[PDB]
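Step one of this worksheet: look at the structure below.
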Amino acid sequence: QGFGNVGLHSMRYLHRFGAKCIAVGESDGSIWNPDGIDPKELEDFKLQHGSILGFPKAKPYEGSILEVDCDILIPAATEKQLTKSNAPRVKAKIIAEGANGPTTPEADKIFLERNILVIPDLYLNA
Amino acid sequence: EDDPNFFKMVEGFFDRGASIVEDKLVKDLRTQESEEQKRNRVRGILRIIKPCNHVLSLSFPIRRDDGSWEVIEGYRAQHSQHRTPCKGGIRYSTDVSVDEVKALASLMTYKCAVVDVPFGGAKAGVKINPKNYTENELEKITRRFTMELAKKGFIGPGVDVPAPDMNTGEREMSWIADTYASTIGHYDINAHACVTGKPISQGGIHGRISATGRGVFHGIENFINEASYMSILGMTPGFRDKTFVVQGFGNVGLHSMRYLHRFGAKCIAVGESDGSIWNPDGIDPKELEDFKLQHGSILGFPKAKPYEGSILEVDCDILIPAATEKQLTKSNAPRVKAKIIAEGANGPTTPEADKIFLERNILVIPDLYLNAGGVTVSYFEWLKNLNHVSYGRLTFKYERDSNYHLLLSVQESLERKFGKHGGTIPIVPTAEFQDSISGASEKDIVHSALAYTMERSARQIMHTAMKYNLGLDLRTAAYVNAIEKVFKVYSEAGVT
Amino acid sequence: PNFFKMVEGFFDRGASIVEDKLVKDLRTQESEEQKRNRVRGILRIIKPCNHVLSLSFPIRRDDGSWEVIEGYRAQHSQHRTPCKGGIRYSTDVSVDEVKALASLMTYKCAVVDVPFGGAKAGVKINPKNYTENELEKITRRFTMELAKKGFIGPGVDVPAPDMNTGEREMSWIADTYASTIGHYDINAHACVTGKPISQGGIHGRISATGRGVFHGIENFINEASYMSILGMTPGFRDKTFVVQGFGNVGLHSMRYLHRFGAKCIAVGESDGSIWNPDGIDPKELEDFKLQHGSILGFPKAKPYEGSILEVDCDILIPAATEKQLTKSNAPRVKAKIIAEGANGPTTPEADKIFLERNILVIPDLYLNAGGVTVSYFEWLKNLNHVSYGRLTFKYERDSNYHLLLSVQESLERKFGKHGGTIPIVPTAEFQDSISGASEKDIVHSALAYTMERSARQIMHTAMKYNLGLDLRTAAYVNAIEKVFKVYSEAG
Ligand SMILES: [Cl-]
Ligand SMILES: [Cl-]
Ligand SMILES: [Cl-]
Ligand SMILES: [Cl-]
Ligand SMILES: [Cl-]
Ligand code: NA
Ligand code: NA
Ligand code: NA
Ligand code: NA
Ligand code: NA
Ligand code: NA
Ligand code: NA
């Protein structure tokens, strides 16, 4: 979530070790492809047009990027993106906070109840 | 694309059945007036049954666990009260609306008339998501919702009897019954009869879990065994050598698959919102139930290959939709392969898909008859709470001893005719009979009455389908029977 | 020697045994530590009486005098409404005892699957110093004070006869409620059981408790798994029993045990004891006591001096007062089965003495529940406003004759006319049943079904928890578990 500086290198090193990026979402849209998205192709596409909207090898995702059925969710955009509203609908089991405080303390309570691993920002985002 | 709103579909179903049955009502009316006032009274009463008579929109507060205060929107629509009390379910979803609960309350009236259940149509709904609230917050939501309904005459043993629905179960009904019995209805001797679907310790009836699934089995049983209908489908009567496919392995689909496989049918494919499994030589319901209960889903079944195609388009003989509204659609109707569509859910077929299913000689058993097994048993649970007794508690051993006396009487009579000089002619119950005698319980009486209801209601729909010659359009035949029954109570009651 | 409130210990030791099981079955969205707290909490509510009413109402005696009468009514649990219990007319009544007896009724109803809450009343008078007209005014005024404060009603509290009360008092109670507070109540006559038949009573009620005791011994005397530990052969064949106290429970328990092969060796009372090893007849002893006032001087049995509970036999049926078999006379007991025909006639000290002696003791909350089970049927009868079988008897009679004739005409069609006719007729026992089909036949059948089903529930947890021959703990374990599930599944 958020194809910025952190989000660009996050998907590149995960894709290098066998992980498949199924969706990338920013403030102006979200793409989706369950068969993987090439980080290099999306990086060159983000540079050319300043946005990931309209990626050829992907499809537009008209929904919440944080609620996509997946395994790892990497919030790497703005603050407080996972609150008590959308957190009970998160399908991921691992949440890697690529930003500074993107999960409310109330969402931390139900994330621990739902058995969802939340790697904290003061360690992972360092 | 195609999909309309369910509120539009039910009104269209009523308008179709009312125009057909109108001529029968103007002639069977034995009032002392001319034929024009008679047709005016028939058309006048039909103008009353269609709209919901009472709708209650609520806005009650609650104190959450964190301390904050929230306002909960709720709805409760009473379609008709020609037979008190009303019956209906309570839905917990953010998709509820006035138009939603009004439609399903209208369907509840005609569904009860099909199975001869003497209740009016009702339906409830609150705009919450149970995953957002904790167990303690859902209790205070449910208890406060019961208080506001009681003060406004929308819940009560003789007023309105709620029931479980989407995202609600016996846990909520237990809270509903305990709230009414401890406050507004404390002086009511039948206070626990105010709601059905309760646990056994709270007054629930036995056989309620498998009630809807058994009704789906018994319903298609009456039509798969009728040679007059089965000749049009092009299939031999009976469940043997027949393949069925279930959409949605929830509660209805689980027991529909369990009871069909028990009587010779073979499950070929089972699909959900998670995926779809397939096996051309049969799927075991017990092995699938334990796999669904263990891993929380059905994907990865060891004895079933995955099926990435549409679950509704699987080639089979019987298709059982048991999930969401409007699953069979004008665009996907000409691509189905099953000859019988067993609607194990409320409104899973669009009227335009019903048109394609009719021109293709595809038998669709409507929802207001097939999805009425739980409603019928809920009527028995309501009667159980009024009787303050379990069925058979007073007669199980009395009928058992008389049954053994009848067999012993035949034995001693045959011994004095054929065994005068030694030997014995033992007259013992069959293996099928001893199971009924030994494991005799309330579930045996409830499921027997359920089968009797689905059987008698099937002959009512068949008799109407052949009177107006509707062919395989049993939906219209069902609404005609329901409209005629509700009109019968109105016309013979008088004015205000 | 004596003891007071053993019921509190019965609950305490039954709650500790069931606790581990109750946490496992708890499916609440809570943590297993918090779950163990709710198990502990619910038991803390069940144990004490929820409501206790103390009264002091006046009457006018026949001589124009005035008197103030003390009366109490303790409602133990209300997890199942209405409440059920008796009304005792005695000078020795106390709130501490009507509370304990109300708690016993709660667990007794749960044992026999009776959906009532425990209760019990008590008026502090000696009914001998009062006339029938004075006893009526006492009863009627007692009913109205219970009605005004919500301690009697078809769905609130259903009293019943007890010590020094009977059909006469219950008819006065029902007549008063149905003419005052419950005039608009359509089920006003369901406010109390034990009424006469003309007042809405049920058939088979007088022989209810006695028959319930017989089925209690029957379900255990014919089970080899428990007769082998006791060292006896299954069945009532060639068995002698002594009935302590020839009251209503003793007279009918004798009449039914005798019918199935049992022999009454002795029968003691509060003033004497008769003995005869050849066997005493219940009818011959019944008409004698009906003609006189006591069983003393019975011709067909020599007078027996000594403890009537220590007679050499096999099954002892104490159907008299409370706490008769204690630790003082516990080792001197000659019988092998202690069938509790009364409410708590055995102290816990004697319970451990009988347990180490391998002597079976049928608990009071099970064997002494036949009348309560039938009182539940009487309550349903007044709600149905019709007798059992009134709509069914002729329909069930013609069906049996249709079935027997169907087997007759089918076999004669298959075998022919030359071999003769094949008459199919009921048994002697069958035609006896169909010809005299009455409501009592249905009530006694449903009672035997209750005792048979409840015995299996006691035997199950007796071997599940390895309680051996201590059925009382198994009976309390089952009763506590049933009351807990209603509490836990209600919020
Ligand atoms: Cl989950
Ligand atoms: Cl139309
Ligand atoms: Cl067979
Ligand atoms: Cl009688
Ligand atoms: Cl004979
Ligand atoms: Na690679
Ligand atoms: Na928060
Ligand atoms: Na509460
Ligand atoms: Na009540
Ligand atoms: Na009940
Ligand atoms: Na024949
Ligand atoms: Na008889």
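Every chain in the structure tokens takes a letter, A first, then B, and so on in the order presented; its residues are numbered from 1, and the ligands are numbered from 1 following the presented order.
Residues in contact with segment 367-370 of chain B at up to 7 Å, not including ones fewer than 2 positions away on its chain and judged by only C-alpha atoms, are residues 107, 110, 111, 114, 115, 215, 216, 219, 343, 344, 345, 346, 347, 365, 372 and 373 of chain B.
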Please write the residues from the selection above to a file, keeping N, CA and C atoms, as a compact mmCIF listing (two decimals), in the first residue's frame.
# COMPACT_ATOMS: atom_id res chain seq x y z
N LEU B 107 -42.68 -12.16 1.58
CA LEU B 107 -42.42 -13.55 1.23
C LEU B 107 -42.73 -14.49 2.39
N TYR B 110 -46.53 -15.53 2.38
CA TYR B 110 -46.90 -16.53 1.38
C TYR B 110 -46.16 -17.84 1.60
N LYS B 111 -44.97 -17.79 2.20
CA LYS B 111 -44.27 -19.02 2.55
C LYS B 111 -45.01 -19.78 3.64
N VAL B 114 -48.12 -21.49 2.24
CA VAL B 114 -47.84 -22.69 1.47
C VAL B 114 -47.79 -23.92 2.37
N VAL B 115 -47.08 -23.81 3.50
CA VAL B 115 -46.93 -24.92 4.44
C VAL B 115 -48.02 -24.90 5.51
N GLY B 215 -36.37 -30.23 4.91
CA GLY B 215 -37.43 -29.69 4.06
C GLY B 215 -37.03 -29.61 2.60
N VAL B 216 -35.75 -29.33 2.34
CA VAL B 216 -35.26 -29.34 0.96
C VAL B 216 -35.30 -30.75 0.39
N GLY B 219 -39.04 -31.88 -0.07
CA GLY B 219 -39.71 -31.16 -1.14
C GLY B 219 -39.43 -31.75 -2.51
N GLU B 343 -34.42 -24.68 -4.99
CA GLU B 343 -34.12 -23.41 -4.33
C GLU B 343 -34.00 -23.57 -2.82
N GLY B 344 -32.80 -23.89 -2.34
CA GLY B 344 -32.56 -24.01 -0.92
C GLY B 344 -32.26 -22.69 -0.26
N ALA B 345 -32.59 -21.59 -0.93
CA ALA B 345 -32.40 -20.26 -0.40
C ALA B 345 -33.54 -19.37 -0.88
N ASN B 346 -33.71 -18.24 -0.20
CA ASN B 346 -34.81 -17.33 -0.51
C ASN B 346 -34.42 -16.44 -1.68
N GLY B 347 -35.19 -16.53 -2.77
CA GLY B 347 -34.99 -15.73 -3.95
C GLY B 347 -33.61 -15.83 -4.57
N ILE B 365 -38.34 -25.53 -8.26
CA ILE B 365 -39.17 -25.60 -7.07
C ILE B 365 -38.98 -24.30 -6.29
N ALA B 372 -39.04 -23.75 3.32
CA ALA B 372 -40.01 -23.56 4.39
C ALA B 372 -39.91 -24.63 5.47
N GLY B 373 -38.91 -25.51 5.39
CA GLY B 373 -38.78 -26.56 6.38
C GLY B 373 -38.49 -26.02 7.77
Long-range neighbours of residue 481 of chain C as an mmCIF file with N, CA, C and O atoms, in the first residue's frame, 12 Å cut-off, only C-alpha atoms, 4 positions minimum in chain:
data_model
loop_
_atom_site.group_PDB
_atom_site.id
_atom_site.type_symbol
_atom_site.label_atom_id
_atom_site.label_comp_id
_atom_site.auth_asym_id
_atom_site.auth_seq_id
_atom_site.Cartn_x
_atom_site.Cartn_y
_atom_site.Cartn_z
ATOM 1 N N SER B 201 -31.901 -25.842 26.164
ATOM 2 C CA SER B 201 -32.030 -25.441 27.559
ATOM 3 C C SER B 201 -32.882 -24.189 27.728
ATOM 4 O O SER B 201 -33.334 -23.910 28.844
ATOM 5 N N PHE C 11 -24.207 -30.020 47.439
ATOM 6 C CA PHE C 11 -23.928 -29.103 46.340
ATOM 7 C C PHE C 11 -22.438 -28.809 46.236
ATOM 8 O O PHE C 11 -21.877 -28.802 45.134
ATOM 9 N N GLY C 14 -20.714 -31.795 44.785
ATOM 10 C CA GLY C 14 -21.144 -31.999 43.415
ATOM 11 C C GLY C 14 -20.668 -30.913 42.477
ATOM 12 O O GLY C 14 -20.434 -31.173 41.292
ATOM 13 N N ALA C 15 -20.513 -29.688 42.984
ATOM 14 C CA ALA C 15 -20.033 -28.596 42.145
ATOM 15 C C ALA C 15 -18.550 -28.748 41.834
ATOM 16 O O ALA C 15 -18.106 -28.425 40.726
ATOM 17 N N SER C 16 -17.767 -29.237 42.800
ATOM 18 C CA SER C 16 -16.337 -29.410 42.572
ATOM 19 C C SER C 16 -16.057 -30.510 41.556
ATOM 20 O O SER C 16 -15.070 -30.431 40.815
ATOM 21 N N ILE C 17 -16.910 -31.534 41.501
ATOM 22 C CA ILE C 17 -16.698 -32.628 40.561
ATOM 23 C C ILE C 17 -17.089 -32.213 39.147
ATOM 24 O O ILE C 17 -16.402 -32.552 38.177
ATOM 25 N N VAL C 18 -18.186 -31.464 39.006
ATOM 26 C CA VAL C 18 -18.664 -31.066 37.684
ATOM 27 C C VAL C 18 -17.904 -29.888 37.100
ATOM 28 O O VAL C 18 -18.068 -29.594 35.909
ATOM 29 N N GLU C 19 -17.063 -29.220 37.893
ATOM 30 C CA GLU C 19 -16.481 -27.951 37.464
ATOM 31 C C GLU C 19 -15.599 -28.121 36.232
ATOM 32 O O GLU C 19 -15.712 -27.355 35.268
ATOM 33 N N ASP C 20 -14.707 -29.115 36.249
ATOM 34 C CA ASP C 20 -13.817 -29.325 35.109
ATOM 35 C C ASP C 20 -14.609 -29.564 33.830
ATOM 36 O O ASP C 20 -14.247 -29.056 32.762
ATOM 37 N N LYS C 21 -15.703 -30.321 33.922
ATOM 38 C CA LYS C 21 -16.518 -30.590 32.743
ATOM 39 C C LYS C 21 -17.228 -29.332 32.258
ATOM 40 O O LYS C 21 -17.344 -29.107 31.048
ATOM 41 N N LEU C 22 -17.705 -28.497 33.186
ATOM 42 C CA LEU C 22 -18.483 -27.324 32.798
ATOM 43 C C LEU C 22 -17.639 -26.300 32.052
ATOM 44 O O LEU C 22 -18.166 -25.559 31.216
ATOM 45 N N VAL C 23 -16.337 -26.236 32.338
ATOM 46 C CA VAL C 23 -15.476 -25.303 31.620
ATOM 47 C C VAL C 23 -15.239 -25.785 30.197
ATOM 48 O O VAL C 23 -15.207 -24.985 29.252
ATOM 49 N N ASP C 25 -17.193 -27.480 28.199
ATOM 50 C CA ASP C 25 -18.354 -27.275 27.343
ATOM 51 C C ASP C 25 -18.701 -25.805 27.139
ATOM 52 O O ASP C 25 -19.566 -25.503 26.309
ATOM 53 N N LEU C 26 -18.062 -24.890 27.863
ATOM 54 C CA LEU C 26 -18.340 -23.469 27.695
ATOM 55 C C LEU C 26 -17.767 -22.984 26.369
ATOM 56 O O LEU C 26 -16.548 -23.010 26.164
ATOM 57 N N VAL C 39 -18.061 -20.282 35.521
ATOM 58 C CA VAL C 39 -18.508 -21.535 36.121
ATOM 59 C C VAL C 39 -18.604 -21.384 37.633
ATOM 60 O O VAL C 39 -19.597 -21.778 38.254
ATOM 61 N N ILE C 42 -21.704 -18.825 38.445
ATOM 62 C CA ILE C 42 -23.067 -19.332 38.309
ATOM 63 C C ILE C 42 -23.413 -20.256 39.469
ATOM 64 O O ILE C 42 -24.530 -20.216 40.000
ATOM 65 N N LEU C 43 -22.464 -21.099 39.884
ATOM 66 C CA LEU C 43 -22.706 -21.970 41.030
ATOM 67 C C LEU C 43 -22.911 -21.169 42.308
ATOM 68 O O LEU C 43 -23.623 -21.617 43.214
ATOM 69 N N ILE C 46 -26.676 -20.363 42.186
ATOM 70 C CA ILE C 46 -27.605 -21.482 42.316
ATOM 71 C C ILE C 46 -27.714 -21.929 43.768
ATOM 72 O O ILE C 46 -28.801 -22.285 44.240
ATOM 73 N N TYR C 107 -32.924 -29.514 42.687
ATOM 74 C CA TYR C 107 -32.101 -30.564 42.100
ATOM 75 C C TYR C 107 -32.907 -31.828 41.833
ATOM 76 O O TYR C 107 -32.582 -32.585 40.911
ATOM 77 N N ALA C 110 -34.584 -31.345 38.472
ATOM 78 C CA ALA C 110 -33.611 -31.486 37.396
ATOM 79 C C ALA C 110 -33.257 -32.946 37.145
ATOM 80 O O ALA C 110 -33.003 -33.330 35.998
ATOM 81 N N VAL C 111 -33.241 -33.769 38.196
ATOM 82 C CA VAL C 111 -32.901 -35.181 38.033
ATOM 83 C C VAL C 111 -33.929 -35.880 37.151
ATOM 84 O O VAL C 111 -33.575 -36.658 36.256
ATOM 85 N N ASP C 113 -35.962 -34.373 35.049
ATOM 86 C CA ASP C 113 -36.261 -33.533 33.885
ATOM 87 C C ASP C 113 -37.605 -32.820 34.025
ATOM 88 O O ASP C 113 -38.405 -32.773 33.089
ATOM 89 N N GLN C 457 -29.274 -41.654 33.166
ATOM 90 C CA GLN C 457 -28.458 -40.457 33.332
ATOM 91 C C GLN C 457 -27.633 -40.515 34.611
ATOM 92 O O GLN C 457 -26.518 -39.982 34.652
ATOM 93 N N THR C 461 -23.069 -40.967 34.617
ATOM 94 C CA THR C 461 -22.081 -40.171 35.333
ATOM 95 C C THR C 461 -21.563 -40.854 36.592
ATOM 96 O O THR C 461 -20.547 -40.413 37.140
ATOM 97 N N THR C 473 -24.208 -38.465 44.730
ATOM 98 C CA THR C 473 -23.298 -37.517 44.097
ATOM 99 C C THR C 473 -23.513 -37.476 42.590
ATOM 100 O O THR C 473 -23.529 -36.397 41.986
ATOM 101 N N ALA C 474 -23.692 -38.644 41.967
ATOM 102 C CA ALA C 474 -23.999 -38.678 40.541
ATOM 103 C C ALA C 474 -25.328 -37.992 40.251
ATOM 104 O O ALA C 474 -25.487 -37.347 39.208
ATOM 105 N N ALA C 475 -26.292 -38.113 41.166
ATOM 106 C CA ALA C 475 -27.569 -37.432 40.985
ATOM 107 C C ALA C 475 -27.412 -35.924 41.125
ATOM 108 O O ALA C 475 -28.003 -35.158 40.354
ATOM 109 N N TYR C 476 -26.614 -35.477 42.099
ATOM 110 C CA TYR C 476 -26.375 -34.047 42.257
ATOM 111 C C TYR C 476 -25.495 -33.500 41.141
ATOM 112 O O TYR C 476 -25.669 -32.348 40.728
ATOM 113 N N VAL C 477 -24.550 -34.301 40.644
ATOM 114 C CA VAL C 477 -23.717 -33.863 39.527
ATOM 115 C C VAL C 477 -24.579 -33.587 38.301
ATOM 116 O O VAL C 477 -24.407 -32.569 37.618
ATOM 117 N N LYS C 485 -26.452 -25.243 32.753
ATOM 118 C CA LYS C 485 -26.538 -25.022 31.312
ATOM 119 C C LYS C 485 -27.629 -24.016 30.970
ATOM 120 O O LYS C 485 -27.482 -23.226 30.031
ATOM 121 N N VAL C 486 -28.732 -24.029 31.722
ATOM 122 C CA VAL C 486 -29.782 -23.040 31.503
ATOM 123 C C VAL C 486 -29.283 -21.648 31.871
ATOM 124 O O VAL C 486 -29.583 -20.663 31.185
ATOM 125 N N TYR C 487 -28.507 -21.544 32.953
ATOM 126 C CA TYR C 487 -27.952 -20.254 33.354
ATOM 127 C C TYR C 487 -26.910 -19.768 32.354
ATOM 128 O O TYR C 487 -26.920 -18.600 31.947
ATOM 129 N N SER C 488 -25.997 -20.655 31.948
ATOM 130 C CA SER C 488 -24.888 -20.245 31.093
ATOM 131 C C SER C 488 -25.353 -19.874 29.692
ATOM 132 O O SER C 488 -24.778 -18.974 29.069
#
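With only C-alpha atoms and all ligand atoms as the atoms that count, the minimum distance from ligand 1 to the choices B:463, B:242, B:131, B:397 is reached by B:131.
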What lies within 6 Å of segment 32-42 of chain A using only C-alpha atoms, ignoring chain neighbours under 4 positions off, as an mmCIF file with C-alpha atoms, in the first residue's frame?
data_model
loop_
_atom_site.group_PDB
_atom_site.id
_atom_site.type_symbol
_atom_site.label_atom_id
_atom_site.label_comp_id
_atom_site.auth_asym_id
_atom_site.auth_seq_id
_atom_site.Cartn_x
_atom_site.Cartn_y
_atom_site.Cartn_z
ATOM 1 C CA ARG A 12 11.479 -5.929 -5.094
ATOM 2 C CA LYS A 20 4.300 -12.865 -5.303
ATOM 3 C CA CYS A 21 2.890 -9.329 -5.225
ATOM 4 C CA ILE A 22 -0.814 -9.611 -6.031
ATOM 5 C CA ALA A 23 -1.842 -5.963 -5.580
ATOM 6 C CA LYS A 46 5.409 4.578 -12.127
ATOM 7 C CA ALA A 58 -2.702 -5.954 -14.113
ATOM 8 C CA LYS A 59 -6.368 -5.150 -13.567
ATOM 9 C CA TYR A 61 -9.078 -3.149 -8.126
#
Contacts between chain C and chain B, please, where a residue of chain B counts if it comes within 9 Å (with only C-alpha atoms); show its shortest atom pair and distance in Å to one decimal, rows by chain and ascending number, as CSV.
residue,atom,partner,partner_atom,distance
B:134,CA,C:29,CA,8.3
B:135,CA,C:29,CA,6.3
B:136,CA,C:29,CA,8.8
B:139,CA,C:491,CA,8.2
B:171,CA,C:489,CA,7.5
B:174,CA,C:490,CA,5.6
B:175,CA,C:490,CA,6.1
B:177,CA,C:490,CA,8.5
B:178,CA,C:490,CA,6.4
B:187,CA,C:155,CA,7.5
B:188,CA,C:155,CA,7.3
B:189,CA,C:155,CA,4.7
B:190,CA,C:155,CA,8.2
B:199,CA,C:489,CA,7.7
B:200,CA,C:486,CA,8.8
B:201,CA,C:486,CA,5.1
B:202,CA,C:486,CA,6.4
B:387,CA,C:380,CA,7.4
B:388,CA,C:380,CA,7.2
B:389,CA,C:380,CA,7.7
B:393,CA,C:446,CA,6.7
B:394,CA,C:446,CA,4.9
B:395,CA,C:446,CA,6.5
B:396,CA,C:446,CA,7.5
B:397,CA,C:445,CA,5.9
B:398,CA,C:445,CA,5.5
B:401,CA,C:445,CA,8.9
B:402,CA,C:430,CA,7.5
B:403,CA,C:400,CA,8.9
B:405,CA,C:430,CA,5.9
B:406,CA,C:426,CA,6.9
B:408,CA,C:427,CA,7.2
B:409,CA,C:426,CA,4.8
B:410,CA,C:424,CA,5.8
B:411,CA,C:424,CA,8.8
B:412,CA,C:427,CA,7.5
B:413,CA,C:424,CA,5.3
B:414,CA,C:422,CA,7.3
B:417,CA,C:422,CA,6.7
Once you have the residues from the selection above, write them out as a compact mmCIF listing (two decimals), in the first residue's frame, restricted to N, CA and C atoms.
# COMPACT_ATOMS: atom_id res chain seq x y z
N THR B 134 -18.04 -7.07 19.92
CA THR B 134 -17.67 -8.25 20.68
C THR B 134 -18.93 -9.00 21.12
N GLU B 135 -18.73 -10.12 21.81
CA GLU B 135 -19.86 -10.92 22.28
C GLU B 135 -20.68 -10.15 23.31
N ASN B 136 -20.02 -9.40 24.19
CA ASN B 136 -20.75 -8.60 25.16
C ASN B 136 -21.49 -7.44 24.51
N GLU B 139 -24.65 -8.74 22.82
CA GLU B 139 -25.72 -9.04 23.77
C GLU B 139 -26.51 -7.78 24.11
N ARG B 171 -27.78 -18.18 19.97
CA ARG B 171 -27.23 -17.31 21.01
C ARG B 171 -28.03 -16.01 21.12
N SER B 174 -31.59 -16.75 22.52
CA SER B 174 -31.57 -16.94 23.97
C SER B 174 -31.58 -15.60 24.69
N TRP B 175 -30.84 -14.62 24.17
CA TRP B 175 -30.86 -13.28 24.76
C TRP B 175 -32.22 -12.62 24.56
N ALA B 177 -35.23 -14.14 24.25
CA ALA B 177 -36.22 -14.75 25.13
C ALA B 177 -36.01 -14.35 26.58
N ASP B 178 -34.75 -14.33 27.03
CA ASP B 178 -34.48 -13.97 28.42
C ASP B 178 -34.81 -12.51 28.70
N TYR B 187 -44.91 -11.35 33.51
CA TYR B 187 -46.15 -11.96 33.98
C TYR B 187 -46.80 -12.86 32.93
N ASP B 188 -46.14 -13.05 31.78
CA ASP B 188 -46.65 -13.93 30.73
C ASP B 188 -46.17 -15.35 30.99
N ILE B 189 -47.11 -16.29 31.06
CA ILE B 189 -46.75 -17.68 31.33
C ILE B 189 -46.03 -18.30 30.14
N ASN B 190 -46.30 -17.80 28.93
CA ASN B 190 -45.66 -18.29 27.72
C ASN B 190 -44.61 -17.30 27.21
N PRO B 199 -31.83 -22.37 22.02
CA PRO B 199 -31.22 -23.64 22.43
C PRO B 199 -32.20 -24.50 23.22
N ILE B 200 -31.83 -25.77 23.38
CA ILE B 200 -32.72 -26.73 24.04
C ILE B 200 -32.95 -26.33 25.49
N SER B 201 -31.90 -25.84 26.16
CA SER B 201 -32.03 -25.44 27.56
C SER B 201 -32.88 -24.19 27.73
N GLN B 202 -33.11 -23.43 26.66
CA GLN B 202 -33.91 -22.22 26.71
C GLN B 202 -35.31 -22.41 26.14
N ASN B 387 -47.20 -25.57 24.92
CA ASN B 387 -47.56 -26.79 25.63
C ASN B 387 -46.75 -26.99 26.89
N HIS B 388 -45.62 -26.29 27.03
CA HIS B 388 -44.73 -26.43 28.18
C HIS B 388 -44.30 -27.88 28.39
N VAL B 389 -44.19 -28.62 27.28
CA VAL B 389 -43.88 -30.04 27.32
C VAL B 389 -43.16 -30.40 26.03
N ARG B 393 -43.20 -36.81 25.51
CA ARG B 393 -42.87 -36.99 26.92
C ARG B 393 -43.95 -37.78 27.66
N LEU B 394 -45.21 -37.65 27.23
CA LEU B 394 -46.32 -38.30 27.90
C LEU B 394 -46.76 -39.60 27.23
N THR B 395 -46.27 -39.89 26.02
CA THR B 395 -46.82 -40.98 25.23
C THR B 395 -45.78 -41.96 24.68
N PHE B 396 -44.49 -41.71 24.88
CA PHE B 396 -43.47 -42.56 24.26
C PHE B 396 -43.55 -43.99 24.78
N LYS B 397 -43.52 -44.16 26.10
CA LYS B 397 -43.58 -45.51 26.66
C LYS B 397 -44.97 -46.12 26.51
N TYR B 398 -46.02 -45.29 26.55
CA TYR B 398 -47.37 -45.81 26.38
C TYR B 398 -47.56 -46.41 24.99
N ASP B 401 -45.28 -49.74 24.72
CA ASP B 401 -45.83 -50.95 25.33
C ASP B 401 -47.00 -51.49 24.52
N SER B 402 -47.83 -50.60 23.96
CA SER B 402 -48.93 -51.06 23.12
C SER B 402 -48.43 -51.67 21.82
N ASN B 403 -47.31 -51.17 21.29
CA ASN B 403 -46.76 -51.74 20.07
C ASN B 403 -46.23 -53.15 20.32
N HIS B 405 -47.33 -55.05 22.62
CA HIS B 405 -48.50 -55.87 22.90
C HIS B 405 -49.18 -56.34 21.63
N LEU B 406 -49.16 -55.52 20.57
CA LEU B 406 -49.76 -55.93 19.31
C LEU B 406 -48.97 -57.06 18.66
N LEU B 408 -46.96 -59.18 20.29
CA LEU B 408 -47.13 -60.35 21.15
C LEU B 408 -48.50 -60.98 20.96
N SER B 409 -49.52 -60.18 20.66
CA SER B 409 -50.85 -60.72 20.43
C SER B 409 -50.90 -61.56 19.16
N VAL B 410 -50.27 -61.08 18.08
CA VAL B 410 -50.20 -61.86 16.85
C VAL B 410 -49.42 -63.15 17.09
N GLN B 411 -48.35 -63.07 17.89
CA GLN B 411 -47.52 -64.24 18.14
C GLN B 411 -48.30 -65.32 18.88
N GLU B 412 -48.95 -64.97 19.99
CA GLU B 412 -49.69 -65.96 20.76
C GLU B 412 -50.91 -66.47 20.01
N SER B 413 -51.46 -65.65 19.11
CA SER B 413 -52.58 -66.12 18.29
C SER B 413 -52.10 -67.09 17.22
N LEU B 414 -50.96 -66.81 16.59
CA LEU B 414 -50.43 -67.72 15.59
C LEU B 414 -49.88 -69.00 16.22
N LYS B 417 -52.66 -71.57 16.57
CA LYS B 417 -53.12 -72.12 15.30
C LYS B 417 -52.09 -73.01 14.63
So that each row is one residue of chain A with an atom at most 8 Å from ligand 6, can you give its shortest atom pair and the distance in Å to one decimal, using only C-alpha atoms and all ligand atoms, rows by chain and rising number, as a tab-separated table?
residue	atom	partner	partner_atom_place_in_ligand_line	distance
A:15	CA	ligand 6	1 (Na)	6.4
A:16	CA	ligand 6	1 (Na)	5.2
A:17	CA	ligand 6	1 (Na)	6.7
A:18	CA	ligand 6	1 (Na)	5.7
Discussion item. Near chain B, meaning an atom within 10 Å, which residues of chain A appear when counting only C-alpha atoms? Write them as number ranges by chain.
Written reply: A: 84-89, 106, 110
Practice prompt. Rank nothing, just name the residue among C:301, C:359, C:197, C:121 nearest to residue 231 of chain C, using only C-alpha atoms.
Written response: C:359
